[PDB]
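Visitor: Before I ask anything, here is the structure I am working with.
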2 protein chains.
Amino acid sequence: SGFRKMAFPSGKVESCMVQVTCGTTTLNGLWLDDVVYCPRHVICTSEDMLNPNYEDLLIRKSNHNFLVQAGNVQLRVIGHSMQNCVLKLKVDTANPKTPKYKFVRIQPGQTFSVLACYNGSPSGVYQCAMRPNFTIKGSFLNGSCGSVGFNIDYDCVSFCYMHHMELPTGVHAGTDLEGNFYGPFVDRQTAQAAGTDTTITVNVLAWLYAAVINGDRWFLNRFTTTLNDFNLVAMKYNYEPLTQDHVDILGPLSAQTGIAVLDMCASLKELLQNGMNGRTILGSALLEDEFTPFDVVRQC
Amino acid sequence: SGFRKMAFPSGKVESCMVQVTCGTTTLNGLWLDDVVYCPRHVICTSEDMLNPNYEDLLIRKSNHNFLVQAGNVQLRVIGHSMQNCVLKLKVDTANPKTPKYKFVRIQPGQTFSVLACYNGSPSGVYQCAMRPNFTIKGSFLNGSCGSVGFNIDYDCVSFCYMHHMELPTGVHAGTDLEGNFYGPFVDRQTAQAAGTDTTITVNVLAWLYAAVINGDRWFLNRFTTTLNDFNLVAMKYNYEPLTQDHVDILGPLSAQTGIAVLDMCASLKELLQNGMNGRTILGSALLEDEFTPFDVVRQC
């Protein structure tokens with residue numbers, strides 16, 4: 001029992017983390033087989049960032065302009081290419097600790113583990129959700145660019161995020177591992193800002209099921225609402241619409257607890273309309289939306 | 001920027017985790033050099049647990065009664081001994097991935113990372129605090145006994161916890177790695193229950209400094225209180241007393257922010273007396289007490 005924000009064990013990813021330096025900029029890279037992946041803005045000067053043409057900037061670079069360090073061993077770069085907003089640095093040594101891996105892009109609402117790194121060295125691991133506005137609320141300091149986000153399934157690491165920048169509100173933006181940004185953000189200096197965000201309704205419901213599984217039942221009621229009438233209340237409170245697919249995904253948790261999804265929705269409606277009246281749910285005084293149905297099943 | 005409950009990278013510990021079976025009971029063990037550490041209750045039957053004499057139960061066991069699995073390789077047990085509430089199983093193979101390590105006992109109020117494991121396989125990692133009542137609010141299911149808690153300093157893993165049991169309130173109790181329980185709990189079946197708990201004041205203050213460092217300033221005020229008068233309010237709200245040592249430990253965070261500790265205490269007094277009036281601090285609607293001053297410095 002108990003319920004915690006839980007990351008995947010990070011060992012398989014720690015073994016892929018390297019240091020990448022170009023000019024005076026140092027950041028993190030991901031070493032898989034004979035390729036190191038890092039943010040392409042590693043090749044930029046502070047003045048390049050105002051309006052960079054990365055095609056031009058990369059033509060002016062050579063393999064020897066990239067210094068790659070894997071622990072103490074230096075990795076010889078024998079080629080380089082750009083793939084959208086990431087750089088691919090071919091190196092002369094395949095990573096002997098390359099796990100089985102995939103590059104997968106995730107959906108707003110899904111979660112992943114972040115291995116925060118500095119100078120190629122792992123510093124900590126925590127769980128994040130892709131917000132509906134395609135930002136993540138991470139914990140990143142200067143030098144963390146190139147840190148990656150991932151999930152593990154069986155023995156296979158599914159990489160889904162690499163970190164590129166902090167937006168003015170303190171939230172974070174990055175790309176998938178094919179170099180394509182999540183959301184309408186760019187790796188250049190603009191006034192770009194996070195758009196308005198919404199609460200991930202299906203996750204809040206999943207977490208309410210986690211609470212019931214853990215003996216937190218005070219918010220339950222005998223009422224049941226319809227999908228339509230729930231969604232009228234959701235919109236008012238800046239919650240995402242709930243679909244029948246969401247109801248189906250919550251199926252197993254509904255069965256394990258014996259509480260129908262639309263019954264839980266009536267509880268969520270009441271919580272939204274009245275607050276918690278000084279009580280807590282799974283140790284929180286607000287409605288948590290960064291646990292997916294899978295996260296709850298995996299931990300309960 | 002940003003602030004998250006962050007665990008240490010777990011790779012060094014994952015490489016030490018093994019499966020230990022005795023009779024029909026399977027749980028987790030920690031493999032360091034040629035020794036595997038696990039909860040001694042692995043040798044018990046459900047009926048032994050009602051009133052076990054572990055001295056008797058262990059005399060009746062042989063090395064071949066213990067089956068130790070490290071991934072696919074079976075580890076031959078060549079000796080066994082009891083050390084308080086842990087078993088030490090000598091095996092014929094030193095763990096080639098043994099990190100630099102120490103066994104340290106922690107203090108209530110300090111934090112550590114938990115690597116939850118099942119059948120010797122790591123499942124997730126999360127941060128915990130040792131509560132003042134010597135329980136931890138973990139996330140543990142059947143089979144998690146033997147999972148360990150740890151901190152990392154430089155390259156050295158300091159093991160501080162191994163998991164033994166769940167108490168009736170759903171909180172968790174275990175030992176240090178010398179087998180000595182945290183708190184007044186025993187590895188036998190009784191009506192034992194967690195005692196009354198208190199809030200870790202110095203940590204709440206640390207987390208308020210983290211919030212200021214991250215731009216959350218709405219709870220600040222121009223007032224300053226005395227240590228004595230703060231502690232009269234702390235007691236009323238079930239907070240631990242604040243000592244001058246606590247003030248000194250908060251020194252660096254005070255200097256980084258320019259807010260004196262006793263100035264912050266006046267903010268905490270107000271928050272305790274009035275609540276948050278529907279606002280949040282670092283994404284929480286309640287006062288968080290599971291981040292130490294070190295945790296804040298490390299992440300900010």
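We did not get these values from a lab; they are worked out from the coordinates using the rules stated. Note that each Cβ is placed from the backbone with ideal geometry, even for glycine, and that neighbours are counted across all protein chains shown.
Visitor: Run the dipole for chain B about the Cα centre, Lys and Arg Cβ at +1, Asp and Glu Cβ at -1, nothing else charged, and hand back the magnitude in debye, nearest 20.
Guide: Numbers: 22 positive and 26 negative charges, 85 e Å.
Using only the charged Cβ atoms, the result is roughly 400 debye.
Visitor: Please list log₁₀ I(q)/I(0) at q = 0.13, 0.19, 0.21 Å⁻¹ for segment A:18-161, using the Debye equation with identical point scatterers on the alpha-carbon positions.
Guide: Normalising to I(0) and taking log10 leaves -0.59, -1.24, -1.42.
Visitor: Within the set B:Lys12/B:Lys102; B:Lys61/B:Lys88; A:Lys5/A:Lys236, which residue pairs have Cα atoms separated by over 18 Å? Don't skip to the end; give the middle numbers.
Guide: Working: B:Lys12/B:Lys102 13 Å; B:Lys61/B:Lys88 13 Å; A:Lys5/A:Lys236 28 Å.
Over 18 Å Cα-Cα: A:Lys5/A:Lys236.
Visitor: Under the Karplus relation 6.51 cos²θ - 1.76 cosθ + 1.60, θ = phi - 60°, what is the ordered set of whole-Hz ³J(HN,Hα) values for segment B:31-44, x standing for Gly and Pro?
Guide: 10, 10, 6, 9, 10, 10, 9, 8, x, 5, 5, 4, 8, 9
Visitor: Same structure again: Helix by helix, which DSSP H runs in chain B go 15 Å or more along their axis at the Cα atoms and have an average Kyte-Doolittle hydropathy of 1.0 or more? Intermediate values should be presented prior to the final figure.
Guide: Values: long enough: B:201-213 (18 Å, 1.82); B:261-274 (20 Å, 0.49).
For chain B, where a helix must reach 15 Å along its axis and average at least 1.0, the hits are B:201-213.
Visitor: Equivalent-ellipsoid semi-axes (√(5λ), Cα gyration tensor) for the protein assembly as shown, whole Å, largest first? Could you put the intermediate results ahead of the total?
Guide: Working: eigenvalues 279, 221, 136 Å².
Ellipsoid semi-axes (Å, largest first): 37, 33, 26.
Visitor: Moving to a separate point now. As a test of the formula, what do you get for chain A when each DSSP H run with n ≥ 4 contributes -39,500 (n - 2.57) and the sum is divided by the residue count, at 222 nm and rounded to the nearest 500 deg cm²/dmol? Show your work: numbers first, answer last.
Guide: Values: 8 runs with 67 residues, N = 300.
Roughly -6000 deg cm²/dmol at 222 nm, from the helical runs in chain A.
Visitor: Of the DSSP beta bridges with both residues in chain A, give the percent that are antiparallel, rounding to the nearest 5. The partial results should precede the final answer.
Guide: Values: 51 of 55 bridges.
If I count the DSSP bridges inside chain A, around 95 percent turn out antiparallel.
Visitor: Please work out whether segment B:221-282 counts as rounded, prolate or oblate from its C-alpha gyration tensor, where a ≥ b ≥ c are the square roots of the eigenvalues and a/c under 1.5 means rounded, while otherwise a/b larger than b/c means prolate and anything else oblate?
Guide: Taking the square roots of the gyration eigenvalues as a ≥ b ≥ c, segment B:221-282 is oblate.
Visitor: Local charge sum around A:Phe140 (other residues, Cβ-Cβ under 14 Å, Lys/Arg +1, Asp/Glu -1)?
Guide: The answer is +2.
Visitor: Using the 10 angstrom Cβ neighbour count as an exposure proxy, how do B:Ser158, A:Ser139 rank, fewest first? Mind showing how you got there, number by number?
Guide: On the way: B:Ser158 19, A:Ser139 23.
Arranged by neighbour count, lowest to highest, B:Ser158, A:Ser139 become B:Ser158, A:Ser139.
Visitor: Direction-averaged shadow area of the convex hull around the Cα atoms of segment B:88-193, nm²? Can you show the working numbers first?
Guide: Working: hull surface 29.1 nm².
So the Cα hull casts an average projection of 7.3 nm².
Visitor: Still on this structure, I have one more. For segment A:86-147, would you read off the P(r) tail past 18 Å as a percentage of all alpha carbon pairs?
Guide: Numbers: 1000 of 1891 pairs.
Looking at segment A:86-147, the distances longer than 18 Å represent 53 percent of pairs.
Visitor: Let me know the charge dipole size of the protein assembly as shown about its Cα centre in debye, to the nearest 20, where only the beta-carbon of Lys, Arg (+1) and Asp, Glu (-1) is charged.
Guide: 400
Visitor: What is the projected area of the convex hull of the Cα atoms of chain A, averaged over all directions, in nm²?
Guide: Numbers: hull surface 66.0 nm².
Mean projected area for chain A: 16.5 nm², to one decimal.
Visitor: In addition: If eta is 0.692 mPa s and T is 37 °C, what Stokes-Einstein diffusion coefficient results for segment A:159-300, Kirkwood Rh from Cα pairs, in µm²/s?
Guide: On the way: Rh = 16.8 Å.
Here the translational diffusion coefficient equals 195 µm²/s.
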